[PDB]
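First the structure, in the form of structure tokens, and then the observations on it.
The chains referred to below are lettered A, B, ... by the order of the sequence lines, with proteins before strands, and numbering in each begins at 1. The analysis underlying the following values was restricted to heavy atoms, covering all of them including side chains, and did not include hydrogens, waters or symmetry mates.
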Amino acid sequence: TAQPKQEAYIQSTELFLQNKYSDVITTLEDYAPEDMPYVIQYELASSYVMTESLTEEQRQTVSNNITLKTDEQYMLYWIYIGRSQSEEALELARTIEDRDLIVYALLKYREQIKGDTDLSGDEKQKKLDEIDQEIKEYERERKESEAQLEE
Amino acid sequence: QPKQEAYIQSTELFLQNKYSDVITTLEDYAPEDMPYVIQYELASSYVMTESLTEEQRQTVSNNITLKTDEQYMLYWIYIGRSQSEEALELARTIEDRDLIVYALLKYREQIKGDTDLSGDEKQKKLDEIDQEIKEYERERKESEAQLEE
Ligand SMILES: [Cl-]
Ligand code: NA
Ligand code: NA
Ligand code: NA
């Protein structure tokens, strides 16, 4: 006997050890990240983070380093970002209290609002505006932090 | 000739910061044939509507000036238009590491969603891009601290 999970873990390990990020991702796509062994969370999260379209600036800004010392929450954050579950990544970021991760998740959430088809134009616009205001607030906080550190 | 009027309307929109309106005004036209200043308008408009903080948008677009080479403007227009293959080829021609890496990542996504490619061809392409990305990442880490000596 059926142990499809057991097998996918071995399979993702084989692909990861070869840097086959995309293939790791599709191997694991039907599986809940919260129940994965820590090494498998590591493989998946690394795979998502390695393939996230970040500019050099974004890259400098966000906590996108993943190691076998990195806390589970950071791995879950990047896995949800990777799966386009920005709502889930947003509330993780807030729990973590990582400013730039909240901002990054707010940006992905903005896109999802922009594309949402169930929302009317007015509810749409209101929400984008709420988001941009929150982003600007955090951006203001980052700037003031950097100002104090240069004093 | 409606082309000329599009350039004029895109200018009218650009000067009001109506970046997304600039983009739609020019959507049908080829970027290579556009006058330098319109390439600037379009490139800037794509950058100003990317998913980035305001500060990040400023940082990229403040680097795009009317003394900037046409190539950097074409790069951003391709990115903005999801012509990531084209952005990548240009990026390698420019020989700027950062633009190659960003374009690879966006190209990866183009492949990921390409309907014409078969199941197996898609995967082999992604496998290749994935390995290249690891290679750039390994070089990134090595530059950060060479640990000599
Ligand atoms: Cl993917
Ligand atoms: Na490989
Ligand atoms: Na970083
Ligand atoms: Na500029």
Side-chain angles (χ1 to χ4, degrees), chain A residues 52-62 103-104 107-108 110-111 114-115 125 128-129 131-132 135-136 139 142-143, chain B residues 1-110 136:
Chain A
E52 183 71 8
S53 298
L54 298 158
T55 62
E56 211 46 64
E57 298 80 24
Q58 286 175 301
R59 209 177 282 271
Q60 280 166 197
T61 309
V62 297
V103 169
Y104 190 77
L107 287 167
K108 290 308 198 78
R110 203 169 100 73
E111 286 171 19
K114 207 111 179 193
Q125 198 57 228
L128 281 336
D129 289 338
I131 283 157
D132 285 311
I135 284 159
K136 205 173 186 184
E139 280 294 83
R142 185 184 51 68
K143 261 163 275 184
Chain B
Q1 198 72 255
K3 198 161 91 168
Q4 260 299 117
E5 286 171 9
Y7 300 165
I8 296 299
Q9 210 48 44
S10 83
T11 293
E12 183 174 332
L13 294 156
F14 186 80
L15 287 170
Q16 299 171 81
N17 315 126
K18 287 185 196 262
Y19 308 118
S20 58
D21 296 317
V22 169
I23 287 157
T24 57
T25 295
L26 300 173
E27 57 186 14
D28 301 328
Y29 306 106
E32 303 77 3
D33 297 337
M34 288 177 165
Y36 180 65
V37 70
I38 304 307
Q39 284 172 339
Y40 167 80
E41 290 178 11
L42 189 54
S44 305
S45 300
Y46 281 115
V47 163
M48 289 305 297
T49 56
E50 277 297 318
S51 254
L52 300 176
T53 62
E54 263 298 310
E55 228 219 61
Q56 296 160 344
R57 282 159 167 185
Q58 289 301 137
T59 304
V60 178
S61 70
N62 290 158
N63 231 16
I64 299 168
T65 77
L66 289 156
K67 300 309 215 331
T68 299
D69 194 289
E70 177 188 6
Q71 287 170 152
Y72 293 93
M73 291 169 186
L74 288 171
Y75 176 87
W76 285 109
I77 288 153
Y78 294 154
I79 291 296
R81 254 131 99 125
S82 302
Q83 291 170 240
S84 314
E85 200 174 356
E86 296 90 322
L88 174 63
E89 183 195 0
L90 194 64
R92 291 210 214 266
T93 296
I94 299 176
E95 281 161 20
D96 171 305
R97 167 148 311 208
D98 294 344
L99 306 183
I100 296 171
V101 175
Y102 186 65
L104 261 181
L105 289 158
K106 276 275 179 75
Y107 186 40
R108 207 193 138 264
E109 284 168 12
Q110 192 186 311
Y136 278 106

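A tilted orientation is assigned to the rings of B/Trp76 and B/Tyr102, their planes being inclined by 30° to 60°.
Listed here is the closest heavy atom pair of B/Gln71 and B/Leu90: O-CD2, 3.3 Å. Here the closest non-hydrogen pair linking B/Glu27 and B/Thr24 is CG-O, 2.9 Å. For B/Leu26 against B/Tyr7, the heavy-atom pair with the smallest separation is CD2-CD2, 4.1 Å. B/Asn62 and B/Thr65 get closest at one heavy-atom pair: O-CG2, 3.9 Å. The two residues B/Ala91 and B/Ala103 make their nearest non-hydrogen contact at CB-CB, 4.4 Å.
Note that CG of B/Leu74 and CD of B/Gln39 are 5.0 Å apart. Values are rounded to the nearest 0.5 Å. Rounded to the nearest 0.5 angstrom, B/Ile77 CD1 and B/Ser44 OG are separated by 8.5 Å. Annotation: the span from B/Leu13 atom CG to B/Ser45 atom OG amounts to 9.0 Å, rounded to 0.5 Å. To the nearest 0.5 angstrom, B/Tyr107 atom OH is 6.5 Å from B/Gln110 atom CD. Note that CZ of A/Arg110 and CG of A/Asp129 are 9.0 Å apart. Values are rounded to the nearest 0.5 Å. Taking CD1 from B/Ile8 and NZ from B/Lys3, the interatomic distance works out to 13.5 Å, rounded to the nearest 0.5 Å.
Residue A/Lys108 places its NZ atom among more than 12 non-hydrogen atoms of other residues, nucleotides or ligands, all under 6.0 Å distant. When the shell of 6.0 Å around CD of B/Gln58 is examined, it contains more than 12 heavy atoms from other residues, nucleotides or ligands.
With 3.5 Å as the limit, one finds no donor-acceptor pair spanning the side chains of B/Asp21 and B/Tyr19. Side chains of A/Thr55 and A/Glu57: a donor-acceptor N/O pair is present below 3.5 angstrom, by distance only. Of the N and O atoms on the side chains of B/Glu12 and B/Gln9, at least one donor lies less than 3.5 Å from an acceptor on the other residue. For B/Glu41 and B/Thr11, the side-chain atoms include at least one donor-acceptor pair closer than 3.5 Å.
Tested against B/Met73, the residues B/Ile38, B/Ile64, B/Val47, B/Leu42 include a single side chain to side chain contact (heavy atoms under 4.5 Å, CB included) partner, B/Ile64.
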Hey, mind stepping through A/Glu139 and A/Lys136 against salt bridge (charged side-chain N to carboxylate O under 4.0 Å, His left out) and telling me if it holds? CA-CA 5 Å; A/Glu139 280 294 83; A/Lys136 205 173 186 184; over 6 Å; no

Apply side-chain contact (heavy atoms from CB on, under 4.5 Å) to the pair B/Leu66 and B/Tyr36, showing each step before the final yes or no. CA-CA 8 Å; B/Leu66 289 156; B/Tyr36 180 65; 3.8 Å; yes

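Contact of the A/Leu54 side chain with the B/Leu105 side chain is not registered, since no non-hydrogen atoms from C-beta on lie closer than 4.5 Å. Between A/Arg142 and A/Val103 the shortest side-chain heavy-atom distance does not fall below 4.5 Å. Within the 4.5 Å cutoff, the side chain of B/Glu50 has heavy atoms near those of the B/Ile79 side chain.
A salt bridge is absent between B/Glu86 and B/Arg81: the closest approach of a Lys/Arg side-chain nitrogen to an acidic carboxylate oxygen does not fall below 4.0 angstrom. Salt bridge annotation for A/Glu111-A/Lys114: absent, with no cationic side-chain nitrogen under 4.0 angstrom from a carboxylate oxygen.
Under the side-chain contact (heavy atoms from CB on, under 4.5 Å) criterion, B/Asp96 pairs with B/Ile94, B/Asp98, B/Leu99, sequence neighbours left out.
The ring-ring contact (aromatic ring centres under 6.0 Å, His included) pairs that include a residue from residues 41-75 of chain B number zero, where partners must be two or more places apart or lie in different chains.
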